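Summary of the model geometry
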Amino acid sequence: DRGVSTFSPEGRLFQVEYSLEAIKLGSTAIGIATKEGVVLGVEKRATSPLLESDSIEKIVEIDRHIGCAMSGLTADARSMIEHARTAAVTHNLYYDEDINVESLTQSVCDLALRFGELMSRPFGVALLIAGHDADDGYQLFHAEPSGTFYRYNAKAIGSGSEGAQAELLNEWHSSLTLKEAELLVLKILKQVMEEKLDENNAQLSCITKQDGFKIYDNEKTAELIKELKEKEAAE
Amino acid sequence: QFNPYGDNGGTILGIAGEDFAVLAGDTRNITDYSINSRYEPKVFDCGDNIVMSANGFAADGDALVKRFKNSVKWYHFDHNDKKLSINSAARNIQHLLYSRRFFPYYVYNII
Amino acid sequence: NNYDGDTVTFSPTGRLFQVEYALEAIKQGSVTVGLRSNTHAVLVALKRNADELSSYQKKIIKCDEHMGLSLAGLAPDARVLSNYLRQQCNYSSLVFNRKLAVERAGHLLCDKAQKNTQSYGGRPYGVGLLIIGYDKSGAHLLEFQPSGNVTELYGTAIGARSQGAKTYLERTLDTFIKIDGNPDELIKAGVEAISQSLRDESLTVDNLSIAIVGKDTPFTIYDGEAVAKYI
Amino acid sequence: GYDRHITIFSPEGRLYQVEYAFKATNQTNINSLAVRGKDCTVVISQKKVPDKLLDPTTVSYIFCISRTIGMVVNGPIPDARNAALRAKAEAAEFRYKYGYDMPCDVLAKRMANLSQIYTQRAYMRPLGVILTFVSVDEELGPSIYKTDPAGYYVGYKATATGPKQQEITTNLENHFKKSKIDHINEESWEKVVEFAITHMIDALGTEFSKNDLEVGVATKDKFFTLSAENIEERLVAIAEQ
Amino acid sequence: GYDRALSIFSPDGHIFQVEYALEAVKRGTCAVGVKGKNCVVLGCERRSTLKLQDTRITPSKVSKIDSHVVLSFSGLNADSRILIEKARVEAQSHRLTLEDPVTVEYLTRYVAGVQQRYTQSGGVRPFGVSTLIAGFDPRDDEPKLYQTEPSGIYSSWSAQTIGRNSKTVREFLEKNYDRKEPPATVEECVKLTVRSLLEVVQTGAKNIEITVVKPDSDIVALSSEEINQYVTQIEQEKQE
Amino acid sequence: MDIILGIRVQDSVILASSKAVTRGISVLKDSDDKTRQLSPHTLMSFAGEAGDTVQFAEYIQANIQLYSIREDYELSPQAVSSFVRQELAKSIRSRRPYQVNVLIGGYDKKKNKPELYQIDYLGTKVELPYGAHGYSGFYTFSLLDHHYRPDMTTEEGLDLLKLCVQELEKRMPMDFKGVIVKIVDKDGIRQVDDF
Amino acid sequence: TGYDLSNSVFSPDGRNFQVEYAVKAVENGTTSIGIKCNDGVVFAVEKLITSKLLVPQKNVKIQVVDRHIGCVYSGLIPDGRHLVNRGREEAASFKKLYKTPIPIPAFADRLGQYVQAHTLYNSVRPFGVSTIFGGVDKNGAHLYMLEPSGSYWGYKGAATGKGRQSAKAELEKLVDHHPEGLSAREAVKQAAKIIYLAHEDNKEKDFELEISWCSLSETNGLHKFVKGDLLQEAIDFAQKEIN
Amino acid sequence: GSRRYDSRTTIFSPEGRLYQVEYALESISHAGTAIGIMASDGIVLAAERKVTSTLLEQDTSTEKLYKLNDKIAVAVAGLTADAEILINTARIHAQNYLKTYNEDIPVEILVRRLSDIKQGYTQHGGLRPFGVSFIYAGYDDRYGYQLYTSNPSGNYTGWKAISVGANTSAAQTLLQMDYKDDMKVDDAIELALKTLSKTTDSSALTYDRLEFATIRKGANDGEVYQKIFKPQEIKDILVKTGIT
Amino acid sequence: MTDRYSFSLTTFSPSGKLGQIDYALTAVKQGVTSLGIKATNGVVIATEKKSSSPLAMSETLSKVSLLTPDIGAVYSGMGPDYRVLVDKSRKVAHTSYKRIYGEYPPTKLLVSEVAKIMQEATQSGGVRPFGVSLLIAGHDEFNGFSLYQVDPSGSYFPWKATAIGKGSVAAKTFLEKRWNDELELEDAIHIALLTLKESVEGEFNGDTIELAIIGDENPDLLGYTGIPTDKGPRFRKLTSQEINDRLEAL
Ligand SMILES: [Cl-]
Ligand SMILES: [Mg+2]
Ligand SMILES: [Mg+2]
């Protein structure tokens, strides 16, 4: 057939480029970073009404100061999360401190290109890693299966990504509040989702310095959805 | 039978002030009743405003300091030139020492 | 064509296509410039962003107090190779109490890259590196290609549109080599060199990345408002 | 058609890679000959130094495997030297383990078994060489044993290898049909070498100078190669009768 | 060792080996899981192409992983034994190191992790198996029902079916199963499970297997006659 | 640990095990249960070096429980005892052997018979009507030799066991803090809460 | 067909096309030569100046093995370096066990067997270099040349790379006009000339001359680079002959 | 490299089938028919040797029926050489179990172990599967008399009566027709031979073209006896049942 | 390096055929004829010494080989494959039997071990099957005399008499007419020589034929006296003269 670590004539790794196509088929995940915190939101996308939607865990805690959202082949993310959690706690063991968000992200990305003929293929999932540390403050990173990670003020990944990213281009500014960011994620999720957005098929979360990483209740999100509808009807 | 340990003597002293700290040590190095050196430095500047001294068996003391200095270097590389706090250095040194729990660095360490 | 499926296969004209394809990844990468005098050595790198919300990918990596490099191509491969250099620089210090010669650092990179071009299963590195450093024989600049070829130069550039900066340095050769004991003027010549590779975009405060090493100057990287002086 | 690339059976029950290794054997365009005397075994081989820049003393396809065993190779030099080094190591190991000098036929069998493995295991290619081992064995006397890329080996009264092997083979066949004995009835090895050269000249139809030939001689307790001047003395004696 | 990467991405971003493993599940006999208010029922199809079978000794479709958790499946039978064995070992290993039995969610997460590992490991192919894992957590009266699949994804279900003609029985369950009021009793839960299988099965004789799991390690398998009574009652109501 | 006794009567097996655990010169616990249920009708008591005892017992327990789930079937006491013996005989030639002596009391549901197996840390197995490990037998076997019948009831077995414990309490220098008694019969395993 | 797609596959000819393709990479490389003299050997190489930005006399191509052996090669430079690294390991282990420095014929076979090993399997690629090497040992001076196939012979003079034909012709003249032999200092001068004459095949870009030598009289049997006045003297001699 | 020549024996088809398992089953369909019939008082194993010769030494020959221990036997359909590899493994597993628990191995446990080995060759290792289908005939004190079959997929099932090898479709129909639950060994012997006689590709069914075995409690009191029939004994039972 | 061929080179085709085994059997068909006949008091195995050149000494090439004192072997197909199988067969007779039980293995069990080795070459990674069919004749105390055929697949069958290779179809027909259960060893040798003459083109004498027997114990070939229970090997290779003597009464 052909090697797994083969370069194309354009200078790209075939398998890495193909894994990016799998991520485009994944459910939408959005992250927005502000000075009051970072907000993470996801589309759950249940395949059937009998599927208990609260068991869909696409937003995940790595440490008290670091959270993570995923899009693509979500099963691949479990070992990445396990490594991230281990790295975060191990650093706390060795250095009696919280680990930097960038350093955690770099540790996760080191796994990415450990494939060949190590694992047999790249990961088929992208991660939005959000967190806070004392040195660089509130941060949002996009971790790809290429081993590359970019920092973002705001980022969308998944099937409705380019449409959402264009929207995040216009809406984001450096003075956004946490409440404004919450509504903004809900607004853009509602725009790109196939089904109608509600508290059961969409999930919110945030990371603040005080309270740390928190996944939002369905009752709490439901109120933010109702607050969104009213403010859009206001003009 | 070969004895991998030795005793190079010496004595060290650390005192913490309100906004300062001192780490002192004598410069004499010995074996048995002989003097090896009258001036052999024992207290070292390890970077990031941290000073260190490993007293007892000089060979193990030099190795530990050398490894910790190295640990500071790699802490900068891996964590974006972040300053290694004294509490973080202390915890790191605990793990350096326990790596040889069953063939110990024969030294009493102060930072 | 039929001879580009893996790195273990020569073509009928004696070419290694997988290595050539890895070389192609460097050309797609953002431009970076290297140049030196007798006292100092300078790296200048144009950083690239994904979009307006994203950060600008870092191009320069420190290897030791007296040595570092800039990258163009697959960034993860640069991380692997720079990590190797950090270890080799460090082995030289711990064992021999000796700072690693820049020339010997190049020889080690060459040999590491070569093993990936002759064995089945693996792949060539998809990144080019510009190594600068100051050792016992003064200032140095190296160009690394993932074919394994390492070259010591007065000045050079790699990445997209790098030919413009390389021509400029080829004209300026006699001038910038003489810039001794003046770090700011040497950087100016590097910033003016990388400017010959720009189209549409210009050098902004979070776009530009500069590094320097010299006689009484440890390897230090300048980003953000620290390079506004040179814009 | 990947049954022609690796050593697996074709539908006809053939191993094409083995057959193609046999063809590589004649790539050097050199002919060799081996015969047995009463007390000795002689091997001769054509020597061709086409380039004037070559050091002719280093151009050789005859190898001293052990003190008693000599080996001539028909095939490319890289594979020849590969086989030579292995045979030397095997001969030395044998002596260490079993306390006596490795016999010529036992070494041949061992090298033949190694060759067989390359015809059965896919990752190893056959060596494109034919190995002719010679000695004066302490039990069997003068001995010639030949190995090929198929892993086949057998003892010989006399033998020939190369592009023009058939012409040499028939020439030797006809002589032994007359004499009705399994060897050259001659006391000294010098005259056995003269016989070998004479019958190669007759078979090939070419004259030889001292630099055109290469000669190896096996006697009891030692194998040695002849110098150019030793061969010249041999050529002079042939011309004078 | 054999290191060949069998599960790899294709240009369109698909892992065909994982997707072909789902086709093996589609071929497998139908399995269904329905959770009531105080129980969970696991139904399984038995294809009647095989008669002269010895039903005493033939491997049953529903397997106990521990005293409080069960596992049924659809797909390759031989593959399912390997997952069941690993699951059973992990169950005892958890009891041994943590002194509590596994939660149903944990056991599912482990089995799904094994399936995932076989999609990005060299020299191996994915499991051609999807599982339904059901039970009750220690000292808990809330029913648990999970599903796994070759890719390694898992999720919790109020009711679910897998295997051949699972599209049809899922259609039935979606319109018949009410979340606000689930099958209150064991009878109602079993009846709904048998009804759902009767959409697909053919004959209601020895083709339907039912296994009821109640809280506090109370697991029983219904017999032929007990199931036959459900089959009789359903069709007699249908004649109207 | 110290004392473990066993007696097989007409229709059951009775295991008695001391309650004391000592670290240094101090008795840390006086209510310790030196036993593990391997299966519904099989009980194993144990005594030996600190730590090794529980580890080994729990390791055996996990293996038998795994077998039970896999086959949906309870192994006979004989089969379990043979598995345990092999694990100990395997252990004695290991780098660091497990220093554990056990009694296995079980009721065979197939044969409708109680069975008592004594196995020491070397892997020395013997089926017995009554058994003990360590020094316990030195004091108790004379009483058991005299009073034991095979047709004894469970109540008579308990009375003979009380006499054995009383003798131990009189002539042993060590205070073992009484015993926990458990009965294994056709209905399963139960503990005698007053002894 | 398909016989040329995999290494270690015999074609119906009895050829290993992958090795023959490795030769094409050698033929594409810069010219390098070797000259055997009275009591030693001289090595020389053509270094193409791709740009003015190349630092003169810094990118050294000729490599030393042990202290008495010199190695130069044409083709894929990294492959050559890999071969020399192995050569250095072979020479070290020989000296470790046997005390004496490795003889040149012994050393030649060590490289030969290693290069030949890379024609035995499809999991490795053949070497993309021809290597000219040699030095002085207890039996005197030796010059060798080693091809991608693992084939090597002893030489009076040797040449490889893009300008090998031109070089070979010049070497053949020296052999004919000096049967009694050539001195070490003469060989250095001649080596310079031959590289300059062979540069007509790479005449687009200008070049840099690099020479080394081992001689019993001139260097005490140790490998040394030709530097300063002796190098300039050879360049002047070479430039005079082309004009 | 080596990848070029890899057949990839352990992959799915687009339809979700294992290529090599399916092709191995195709191989087995050309093998001599083997039949197993379970009765209340014993089990019968019958099997047809493939186109033999007059010069074949039959009395010392064994290609179909093998003994795993005193309680369990197997009938083979497929590559004999492959089957012997598995048979020797099964014999060892039975002895390992006996050494560990001091009890004879339950039939199903032995069957599962062999079936798990077959499964492994379909999921990992990159090797071809075993081209073998077994009929297991055995007895233990839990389930009594048992018949199982396993195939190259590693899947196994229990049976009252079953056939493997050639003409199983025709053979299974005939068994399904005449089999009854209250059947006895002597009747099952007759059914097995009659089924082979009708499904055989040969012109006539003779003693020299058959291997035969029974597992009976027809051993003196509560115990089980394995009887591998001798050539003369097969000739007698053929006359008794009225086939020759 | 490393052997990276860890996968099977023999695989099932859609029709259920194992190609490499079939192709190995084709190689056996091209090979020189060899045969075996079992008598009441012995076994005989025979083949033609097809010499590749008249200069070659065909005595040095042994097609009929001793495996144990009471077991011998002959082949048809690829000679080198046979040679290594004999080496392995001799060794496995010691390692897996004689070093355990202190006696040589019975014929059927040694055959079983050889068969196993050939089966593994049919399934293991990165190897082709052996291109030979073996005929193994032997004797042991409890089984008496026996003759076995072993094929590239690893399958083995016991025979009263058989032939393999070039003219096996014709030779097996010839043996069916002549064989009976009352043959003495000398009668079997006579039949072996008659059968073998039909497949041979050129010279037919003791120097072009290789023939060995498994018969009576040979105390003269033991090499020592003093132990009553050791009576010598039953395997004996017939000399060139011994063959020619029986060709006059042919
Ligand atoms: Cl051998
Ligand atoms: Mg091969
Ligand atoms: Mg005991």
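This text gives an overview of the structure that appears in the document. (Residues numbered from 1 in each chain as written, not as in the entry; some residues may be left out. Chains lettered and ligands numbered in written order. Part of a larger assembly, values for the part shown. Heavy atoms only, no water.)

This paragraph deals with the overall build of chain E. Tallying secondary structure elements over chain E gives six helices and ten strands in all. By its C-alpha atoms, chain E is 60 × 40 × 40 Å across when sized along the principal axes. Scored against the burial criterion, the 240 residues of chain E give a buried share of 57%. Partitioning the contacts of chain E with sequence separation of at least 6, the portion at a separation of at least 24 is 66%. Only carbon and sulfur atoms are counted for the fraction: they give 46% of the accessible area of chain E, which is about 9900 Å². (Helix = DSSP H or I, 4+ residues; strand = E, 2+ residues; numbered from the N terminus. Buried < 20%, exposed > 50% of the residue type's maximum accessible area, 1.4 Å probe, protein only. Contact = heavy atoms within 4.5 Å. Areas by Shrake-Rupley, 256 points an atom, 1.4 Å probe, with all protein chains shown as cover.)

Of regular secondary structure, chain B possesses two helices and seven strands. Referenced to the eigenvectors of the C-alpha coordinate spread, the extents of chain B come out at roughly 45 × 35 × 20 Å. Looking at chain B as a whole, 37% of its 111 residues are labelled buried. Sequence-distant contacts in chain B: of pairs separated by 6 or more residues, those separated by 24 or more amount to 54%. Counting only carbon and sulfur atoms, one obtains 53% of the accessible surface of chain B, whose full area is about 7200 Å². Charged side chains in chain B number 12 positive and 12 negative. The centres of these two groups are separated by 5 Å. (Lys, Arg positive; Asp, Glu negative; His and termini not counted. Charge placed at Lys NZ, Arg CZ, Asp CG, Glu CD.)

Bringing the coordination of the magnesium ion (ligand 2) into the picture now. All names here are of chain D. Looking at the metal site, the magnesium ion (ligand 2) is ligated by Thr-7 (OG1), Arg-121 (O) and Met-124 (O), spaced 2.2 to 2.7 Å from it. Donor residues for the magnesium ion (ligand 2) sit on one chain with the sequence pattern T-x113-R-x2-M. Of the two residues, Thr-7 is situated in the segment before helix 1 (16-24) and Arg-121 in the loop between helix 3 (104-120) and strand 5 (130-137); the sequence distance between them amounts to 114 residues. Note on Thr-7: relative accessible area 3%, which makes it buried. Judged by its relative accessible area of 36%, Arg-121 is partly exposed. (Donors = N, O, S within 2.8 Å, 3.2 Å for Na, K, Ca; no water.)

A separate point is the environment of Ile-61 of chain C. All names here are of chain C. Topologically, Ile-61 is positioned in strand 3 (residues 60-64). By relative accessible area, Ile-61 is classed as buried at 9%. In this structure, the C-alpha to C-alpha distance between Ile-61 and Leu-100, residues 39 residues apart in sequence, is 17 Å. Here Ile-61 is in contact with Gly-68, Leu-69, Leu-71, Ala-78, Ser-82, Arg-86 and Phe-219, once residues within four sequence places are set aside.

Take the interface of chain H and chain E next. Across the contact, 41 residues belong to chain H and 31 residues belong to chain E. If you sort the residues of chain H by the area they bury against chain E, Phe-12, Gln-123 and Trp-159 of chain H come out on top, with a joint share of 23%. Between chain H and chain E we count two salt bridges in total. Connecting chain H to chain E are 15 residue pairs in polar contact. Among the elements of the structure, helix 3 (107-123), strand 6 (144-150), strand 7 (156-159) and helix 4 (168-178) of chain H are those that each provide at least two residues to the side of chain H that touches chain E. With seven residues, helix 3 of chain H is the largest single contributor of residues to the side of chain H that touches chain E. (Buried area = accessible area lost by both parts, 1.4 Å probe. Salt bridge = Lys/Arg side-chain N within 4 Å of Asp/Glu carboxyl O. Polar contact = N/O pair within 3.5 Å; in protein donor to acceptor, adjacent residues only side chain to side chain.)

Right, let's talk about the sheet that holds strand 4 (residues 66-72) of chain A for a bit. Residues and elements named next belong to chain A. Taken in spatial order, the five strands make up an open sheet running 3-4-5-6-7, and their pairing is antiparallel. Two strands lie at the open edges of the sheet, namely strand 3 (59-63) and strand 7 (149-151), each paired on one side alone. The average undirected angle you get between the axes of adjacent strands in this sheet is 25°. Where strand 3 and strand 4 come together, four bridges link them in antiparallel fashion. From the neighbouring strand, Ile-59 faces strand 4, where its bridge partner is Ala-69. Here helix 2 (residues 77-95) sits on the sheet in contact with strand 3, strand 4 and strand 5 (125-133), set at roughly 25° to strand 3. (Pairing = 2+ DSSP bridges. Axes fitted to C-alpha atoms, helices over the stretch in contact; angles between N-to-C directions.)

Glancing now at the sheet that holds strand 9 (residues 202-208) of chain A. All names here are of chain A. Within the open sheet, the five strands sit side by side as 8-1-2-9-10. Their pairing is antiparallel. In this open sheet, the two edge strands, each paired with only one partner strand, are strand 8 (154-157) and strand 10 (212-215). Here the average twist between neighbouring strands, direction ignored, is 10°. Here strand 9 runs beside strand 10; their pairing, made up of four bridges, is antiparallel. Residue pairing for strand 10: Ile-207 is matched across the bridge by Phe-213. Packing of helix 5 (residues 178-192) onto the sheet brings it into contact with strand 1 (29-33), strand 2 (38-43) and strand 9, and relative to strand 2 it is tilted by some 20°.

Residue and element names in this part refer to chain E. Taking 1.5 Å of rise per residue, 15 residues should cover 21 Å, and helix 6 (residues 224-238) covers 21 Å from first to last C-alpha, within 8% of that figure. Within helix 6, burial applies to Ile-227, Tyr-230, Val-231 and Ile-234. Down the axis, helix 6 shows its buried residues gathered within 100° of arc, on one side only. Exposed residues lying more than 90 degrees from the buried face of helix 6 are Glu-225, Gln-229 and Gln-236. Lining the buried residues of helix 6 we find helix 5 (186-198) and strand 9 (208-214). (Expected span 1.5 Å × (residues − 1). Arc of directions from axis to C-beta.)

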